[PDB]
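J.: Below is the sequence, then the experimental coordinates.
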Amino acid sequence: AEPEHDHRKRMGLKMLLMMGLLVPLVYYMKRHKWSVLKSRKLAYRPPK
Amino acid sequence: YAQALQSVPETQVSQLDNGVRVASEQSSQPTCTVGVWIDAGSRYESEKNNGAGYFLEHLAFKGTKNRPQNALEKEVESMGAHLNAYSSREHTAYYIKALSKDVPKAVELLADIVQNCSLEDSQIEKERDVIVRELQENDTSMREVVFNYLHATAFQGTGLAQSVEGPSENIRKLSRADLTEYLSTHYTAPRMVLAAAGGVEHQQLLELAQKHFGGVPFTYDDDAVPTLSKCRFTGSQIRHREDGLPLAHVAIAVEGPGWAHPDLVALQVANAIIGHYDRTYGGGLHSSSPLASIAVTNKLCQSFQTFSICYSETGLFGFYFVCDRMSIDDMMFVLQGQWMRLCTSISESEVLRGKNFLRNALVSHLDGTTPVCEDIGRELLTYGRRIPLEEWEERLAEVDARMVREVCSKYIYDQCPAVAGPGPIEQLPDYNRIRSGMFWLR
């Protein structure tokens, strides 16, 4: 019914090791980049 | 020419068993100028000590105990000498300019201030509210506030970050004492320099200083000059928006090397290449300085200036521009882009001019007496001795393209800059953006 079976799971294996590896990487990158904002600080200084 | 440099009178220097270093340059000139340049500043101030150096500068003239107000001034006015001065972050000075026929008289005067200031508790309580007003003025000089804020964030947390002027709360509460606590602490010979230029004969100066600066160092401390706490550079930004203003100012920069560093030359040449613009000029045809050109063609800025403001062990190499609420971006872009170009593909034909342009300011930096003393005053203090125009010459008469590239890139490429911007800046993109503006998609 589905000769691909093995080839298909092995694949799935790797696919899972890339998510594992890639997503965090880009997560850092996403945070790395946002820190500019996450960090940031406001303040309202009118003259009086 | 080169002969003109060489035939330039060497500068004499000799320190006291006291500590002061006495140097100066001689010419034919009837007139002259002389001053004491203290290694004092704001950087040397504390969280509650911040301001003094200033509040000081502001009473440094209103008299001494030997000769109160009305008289000092009357003695100064009456002889036609100009006693002016300042106080930065790591540099303070007090120079006078008379007819050289007053070396011994001016010198005394000098000494009588740096050592004995009235500090009339009644004079203070007035200069207090004077500064607090004079400060409120420094304030709408966006042309400046933009720099302090630059320092503020560029060197956040450390001593430089504090503005030479100091918070209102301190100036509102500095004590008769704290001022003196400042004077007696920093105003010492080892960190002070007696320099002058005009028609003066060194020896006569020496002896007068050597005469009115009867200082005596007991301990080993007194004879030693403290090195300052290192200031952490912090790539960041600080935005004081206000679309209510005519326009916004922007100042971005990378950490500077420090006077010492030999590269400040090549680097200085760098800033020569993009220079500055300012709508009054007369040049959409300007020299290479595209920042200038482009600033014209696309009406980028009201004015922009490049600067390598440096200090003892750190610095601020950047650029500052003023522009309509609307063309802020295109400007940065074009500008910041230049830095890149500058240190990625700069040419000889360019540096050639740069140099000569510097060699022109190099010379005109020393135009008159007051200015000359400045360098001498400075030179020694920050460099150790005096750098002759014959020297500076070679220093920067030997910087090739490849050298500028090698340098600027070394202090600009992929570095985290510090930006500062007050005014209608809604148009200035976030940091990351002006940050990834540091590396050229080579």
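T.: Good, I have the coordinates. Numbers count the residues shown, from 1 in each chain, chains lettered A, B, ... in the order given.
J.: What sits closest to whichever residue of chain B sits closest to chain A if chain neighbours are left out?
T.: Scanning chain B for the residue nearest chain A gives residue B:431, at 4.8 Å (criterion: Cβ to the nearest Cβ). Yep, even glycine has a C-beta here, placed from its N, CA and C like the rest. Using Cβ to Cβ, 6 or more residues apart in numbering or on different chains and skipping residues adjacent in sequence, the residue nearest residue B:431 is residue A:36, 4.8 Å away.
J.: For burial, what's the neighbour tally of residue A:6?
T.: Burial of residue A:6 is recorded as 9 neighbouring residues (other Cβ atoms under 10 Å in any protein chain shown).
J.: Repeat that for residue B:401.
T.: For residue B:401, the number of neighbouring residues by other Cβ under 10 Å comes to 16.
J.: ok, now residue B:360?
T.: Residue B:360: 11 neighbours (other Cβ under 10 Å).
J.: Next, it: secondary structure please.
T.: Residue B:360 falls in the helix class when you classify it by DSSP: H, G, I helix; E, B strand; the rest coil.
J.: Any idea how far stretch B:134-144 is from the middle of the chain?
T.: 18 Å (Cα atoms, centre = their mean, to the nearest Å).
J.: packing partners for the helix or strand harbouring residue B:147?
T.: With elements taken from DSSP states H and E, the one containing residue B:147 is helix B:142-154. Other helices and strands packing on helix B:142-154, by 3 or more Cβ pairs under 8 Å, 6 or more residues apart in numbering or on different chains; DSSP states H and E, are strand B:237-241, strand B:247-256, strand B:315-324, strand B:418-423.
J.: Could you dump those into a markdown table and include mean neighbour count?
T.: Below are the helices and strands packed on helix B:142-154 laid out as a markdown table (neighbours: other Cβ atoms under 10 Å in any protein chain shown):
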| stretch | mean neighbour count |
| --- | --- |
| strand B:237-241 | 19 |
| strand B:247-256 | 25 |
| strand B:315-324 | 24 |
| strand B:418-423 | 24 |
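J.: May I see these arranged in TSV, with distance to chain A as well?
T.: Formatted as TSV, the helices and strands packed on helix B:142-154 follow (distance: least, Cβ to the nearest Cβ, whole Å):
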stretch	distance to chain A
strand B:237-241	7
strand B:247-256	15
strand B:315-324	19
strand B:418-423	11
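J.: so which of those strands comes closest to residue A:11?
T.: strand B:237-241 (46.1 Å; Cβ to Cβ).
J.: Adjacent strands (with direction) for that closest one?
T.: strand B:418-423 (parallel) (DSSP bridges).
J.: So what touches the partner strand?
T.: Contacts with strand B:418-423, where a contact means Cβ atoms under 8 Å, 6 or more residues apart in numbering or on different chains, come from B:142, B:145-147, B:149-150, B:152-154, B:233-243, B:245-254, B:316, B:318, B:325, B:428, B:431, B:434.
J.: returning to that earlier point: got the phi and psi for the residue of chain B closest to chain A?
T.: Phi and psi for residue B:431, reported as degrees, to the nearest 10, are phi -70, psi -60.
J.: my read: it touches residue B:237, true?
T.: Yes - assessed by Cβ atoms under 8 Å, residue B:431 is found in contact with residue B:237 at 5.4 Å.
J.: What about the residue of chain A found nearest chain B, how many residues nearby?
T.: Using Cβ to the nearest Cβ, the single residue of chain A nearest to chain B is residue A:36, 4.8 Å away. If you count neighbours by other Cβ under 10 Å, residue A:36 ends up with 15.
J.: Does it touch residue B:430 like I think?
T.: Yes - Residue A:36 is in contact with residue B:430 according to Cβ under 8 Å; the separation is 6.1 Å.
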